[PDB]
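work_29.cif (mmCIF, N, CA and C atoms)
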```
data_input
#
loop_
_atom_site.label_atom_id
_atom_site.label_comp_id
_atom_site.auth_asym_id
_atom_site.auth_seq_id
_atom_site.Cartn_x
_atom_site.Cartn_y
_atom_site.Cartn_z
N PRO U 1 138.47 79.73 22.02
CA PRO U 1 138.28 81.03 22.64
C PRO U 1 139.30 81.28 23.76
N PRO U 2 139.88 82.49 23.82
CA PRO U 2 140.89 82.84 24.82
C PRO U 2 140.38 82.66 26.25
N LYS U 3 141.28 82.20 27.13
CA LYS U 3 140.94 81.90 28.52
C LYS U 3 140.28 83.08 29.23
N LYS U 4 139.26 82.78 30.03
CA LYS U 4 138.57 83.80 30.80
C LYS U 4 139.16 83.83 32.22
N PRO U 5 139.91 84.90 32.55
CA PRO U 5 140.55 85.05 33.86
C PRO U 5 139.56 84.96 35.01
N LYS U 6 139.98 84.34 36.10
CA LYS U 6 139.12 84.17 37.27
C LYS U 6 139.23 85.38 38.19
N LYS U 7 138.09 85.79 38.73
CA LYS U 7 138.01 86.98 39.58
C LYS U 7 138.68 86.71 40.92
N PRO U 8 139.61 87.59 41.34
CA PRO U 8 140.31 87.46 42.63
C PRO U 8 139.34 87.43 43.81
N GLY U 9 139.60 86.56 44.76
CA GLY U 9 138.77 86.46 45.94
C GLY U 9 139.29 87.32 47.08
N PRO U 10 138.86 87.06 48.33
CA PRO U 10 139.33 87.81 49.50
C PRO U 10 140.86 87.79 49.61
N UNK U 11 141.48 88.89 50.08
CA UNK U 11 142.93 88.97 50.18
C UNK U 11 143.60 89.33 48.85
N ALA U 12 142.79 89.66 47.84
CA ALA U 12 143.30 90.11 46.56
C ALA U 12 144.08 91.41 46.72
N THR U 13 145.39 91.32 46.59
CA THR U 13 146.26 92.47 46.75
C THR U 13 146.23 93.36 45.50
N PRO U 14 146.65 94.64 45.59
CA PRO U 14 146.72 95.52 44.42
C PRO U 14 147.44 94.88 43.24
N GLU U 15 148.52 94.15 43.53
CA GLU U 15 149.28 93.47 42.48
C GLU U 15 148.45 92.41 41.78
N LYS U 16 147.59 91.72 42.53
CA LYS U 16 146.72 90.71 41.93
C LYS U 16 145.67 91.38 41.05
N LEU U 17 145.18 92.52 41.52
CA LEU U 17 144.21 93.31 40.77
C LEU U 17 144.82 93.85 39.49
N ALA U 18 146.05 94.33 39.59
CA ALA U 18 146.78 94.86 38.45
C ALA U 18 147.05 93.77 37.42
N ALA U 19 147.54 92.63 37.90
CA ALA U 19 147.79 91.49 37.04
C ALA U 19 146.49 91.00 36.42
N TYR U 20 145.42 91.02 37.20
CA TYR U 20 144.10 90.68 36.69
C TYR U 20 143.68 91.65 35.59
N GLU U 21 143.99 92.94 35.77
CA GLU U 21 143.66 93.95 34.78
C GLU U 21 144.43 93.72 33.48
N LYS U 22 145.70 93.34 33.61
CA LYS U 22 146.51 93.04 32.44
C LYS U 22 146.02 91.77 31.74
N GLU U 23 145.65 90.75 32.52
CA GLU U 23 145.11 89.52 31.95
C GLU U 23 143.76 89.78 31.29
N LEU U 24 142.97 90.66 31.89
CA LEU U 24 141.67 91.01 31.34
C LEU U 24 141.84 91.84 30.08
N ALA U 25 142.81 92.75 30.10
CA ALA U 25 143.16 93.53 28.93
C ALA U 25 143.61 92.62 27.80
N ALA U 26 144.44 91.65 28.15
CA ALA U 26 144.91 90.67 27.18
C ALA U 26 143.75 89.87 26.62
N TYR U 27 142.83 89.47 27.49
CA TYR U 27 141.62 88.77 27.07
C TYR U 27 140.81 89.64 26.09
N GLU U 28 140.68 90.92 26.40
CA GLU U 28 139.95 91.84 25.53
C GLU U 28 140.64 91.98 24.17
N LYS U 29 141.97 92.10 24.19
CA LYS U 29 142.74 92.18 22.95
C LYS U 29 142.58 90.91 22.11
N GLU U 30 142.86 89.77 22.73
CA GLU U 30 142.78 88.49 22.04
C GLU U 30 141.35 88.17 21.62
N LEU U 31 140.37 88.68 22.36
CA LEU U 31 138.97 88.48 22.03
C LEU U 31 138.61 89.28 20.78
N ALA U 32 139.07 90.53 20.72
CA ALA U 32 138.85 91.37 19.55
C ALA U 32 139.53 90.77 18.33
N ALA U 33 140.73 90.24 18.53
CA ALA U 33 141.48 89.58 17.47
C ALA U 33 140.75 88.34 16.97
N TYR U 34 140.24 87.55 17.91
CA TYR U 34 139.56 86.29 17.59
C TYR U 34 138.27 86.55 16.81
#
```
Let me see the structure of the file written as structure tokens.
Amino acid sequence: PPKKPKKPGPXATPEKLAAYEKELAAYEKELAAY
């Protein structure tokens, strides 16, 4: 099963949130594929 991204903690910058969104999107894509 595709890796489950870890939720950003305190000090999570917009870029970390964006990257998290892309990783989560990727997880959703790969999950649908799987």
Write out as a short mmCIF file (atom, residue, chain, number, x, y, z; two decimals) with N, CA and C atoms, in the frame of the given file each polymer residue whose atoms come within 9 Å of residue 20 of chain U, counting only C-alpha atoms; drop sequence neighbours fewer than 3 positions from it.
```
data_model
loop_
_atom_site.label_atom_id
_atom_site.label_comp_id
_atom_site.auth_asym_id
_atom_site.auth_seq_id
_atom_site.Cartn_x
_atom_site.Cartn_y
_atom_site.Cartn_z
N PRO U 5 139.91 84.90 32.55
CA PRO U 5 140.55 85.05 33.86
C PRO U 5 139.56 84.96 35.01
N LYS U 6 139.98 84.34 36.10
CA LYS U 6 139.12 84.17 37.27
C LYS U 6 139.23 85.38 38.19
N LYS U 7 138.09 85.79 38.73
CA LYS U 7 138.01 86.98 39.58
C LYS U 7 138.68 86.71 40.92
N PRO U 8 139.61 87.59 41.34
CA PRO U 8 140.31 87.46 42.63
C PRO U 8 139.34 87.43 43.81
N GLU U 15 148.52 94.15 43.53
CA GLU U 15 149.28 93.47 42.48
C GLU U 15 148.45 92.41 41.78
N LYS U 16 147.59 91.72 42.53
CA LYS U 16 146.72 90.71 41.93
C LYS U 16 145.67 91.38 41.05
N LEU U 17 145.18 92.52 41.52
CA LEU U 17 144.21 93.31 40.77
C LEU U 17 144.82 93.85 39.49
N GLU U 23 145.65 90.75 32.52
CA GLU U 23 145.11 89.52 31.95
C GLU U 23 143.76 89.78 31.29
N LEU U 24 142.97 90.66 31.89
CA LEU U 24 141.67 91.01 31.34
C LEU U 24 141.84 91.84 30.08
N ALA U 25 142.81 92.75 30.10
CA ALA U 25 143.16 93.53 28.93
C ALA U 25 143.61 92.62 27.80
#
```
task = May I ask for the distance between atom N of residue 1 of chain U and atom C of residue 19 of chain U, given in Å to one decimal place?
result = 20.0 Å
Straight-line distance linking atom CA of residue 26 of chain U with atom CA of residue 3 of chain U, stated in Å to one decimal =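 Taking atom CA of residue 26 of chain U and atom CA of residue 3 of chain U, their separation equals 9.7 Å.
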key: Atomic distance atom CA of residue 29 of chain U - atom C of residue 9 of chain U, expressed in Å with one decimal   =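 Atom-to-atom, atom CA of residue 29 of chain U and atom C of residue 9 of chain U are spaced 24.9 Å apart.
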request  = Identify, with DSSP run on backbone atoms, the residues in chain U assigned to helix (DSSP H, G or I), and express the list as a count of residues only.
outcome  = 20
message = So that I can check the surroundings of residue 2 of chain U, please list as an MDAnalysis selection string every protein, DNA and RNA residue that reaches within 6.5 Å of it, counting only N, CA and C atoms and ignoring chain neighbours fewer than 5 positions away.
response = chainID U and resid 27 30:31
Hey, could you patch up segment 6-21 of chain U with N, CA, C and O atoms and hand it over as a compact mmCIF listing (two decimals), keeping the file's coordinate frame?
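Now in selection-v5.txt:
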```txt
# COMPACT_ATOMS: atom_id res chain seq x y z
N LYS U 6 139.98 84.34 36.10
CA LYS U 6 139.12 84.17 37.27
C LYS U 6 139.23 85.38 38.19
O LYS U 6 140.32 85.92 38.40
N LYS U 7 138.09 85.79 38.73
CA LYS U 7 138.01 86.98 39.58
C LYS U 7 138.68 86.71 40.92
O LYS U 7 138.38 85.70 41.57
N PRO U 8 139.61 87.59 41.34
CA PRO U 8 140.31 87.46 42.63
C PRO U 8 139.34 87.43 43.81
O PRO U 8 138.37 88.19 43.84
N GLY U 9 139.60 86.56 44.76
CA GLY U 9 138.77 86.46 45.94
C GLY U 9 139.29 87.32 47.08
O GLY U 9 140.08 88.23 46.84
N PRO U 10 138.86 87.06 48.33
CA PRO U 10 139.33 87.81 49.50
C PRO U 10 140.86 87.79 49.61
O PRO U 10 141.49 86.79 49.28
N UNK U 11 141.48 88.89 50.08
CA UNK U 11 142.93 88.97 50.18
C UNK U 11 143.60 89.33 48.85
O UNK U 11 144.83 89.29 48.73
N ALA U 12 142.79 89.66 47.84
CA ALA U 12 143.30 90.11 46.56
C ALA U 12 144.08 91.41 46.72
O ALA U 12 143.49 92.47 46.96
N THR U 13 145.39 91.32 46.59
CA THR U 13 146.26 92.47 46.75
C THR U 13 146.23 93.36 45.50
O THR U 13 145.80 92.90 44.44
N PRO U 14 146.65 94.64 45.59
CA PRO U 14 146.72 95.52 44.42
C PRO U 14 147.44 94.88 43.24
O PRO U 14 147.02 95.03 42.10
N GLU U 15 148.52 94.15 43.53
CA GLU U 15 149.28 93.47 42.48
C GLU U 15 148.45 92.41 41.78
O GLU U 15 148.59 92.20 40.57
N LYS U 16 147.59 91.72 42.53
CA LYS U 16 146.72 90.71 41.93
C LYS U 16 145.67 91.38 41.05
O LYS U 16 145.32 90.88 39.99
N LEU U 17 145.18 92.52 41.52
CA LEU U 17 144.21 93.31 40.77
C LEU U 17 144.82 93.85 39.49
O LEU U 17 144.20 93.82 38.43
N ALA U 18 146.05 94.33 39.59
CA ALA U 18 146.78 94.86 38.45
C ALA U 18 147.05 93.77 37.42
O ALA U 18 146.80 93.94 36.22
N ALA U 19 147.54 92.63 37.90
CA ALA U 19 147.79 91.49 37.04
C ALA U 19 146.49 91.00 36.42
O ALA U 19 146.47 90.62 35.25
N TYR U 20 145.42 91.02 37.20
CA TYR U 20 144.10 90.68 36.69
C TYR U 20 143.68 91.65 35.59
O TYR U 20 143.10 91.25 34.59
N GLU U 21 143.99 92.94 35.77
CA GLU U 21 143.66 93.95 34.78
C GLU U 21 144.43 93.72 33.48
O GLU U 21 143.89 93.89 32.40
```
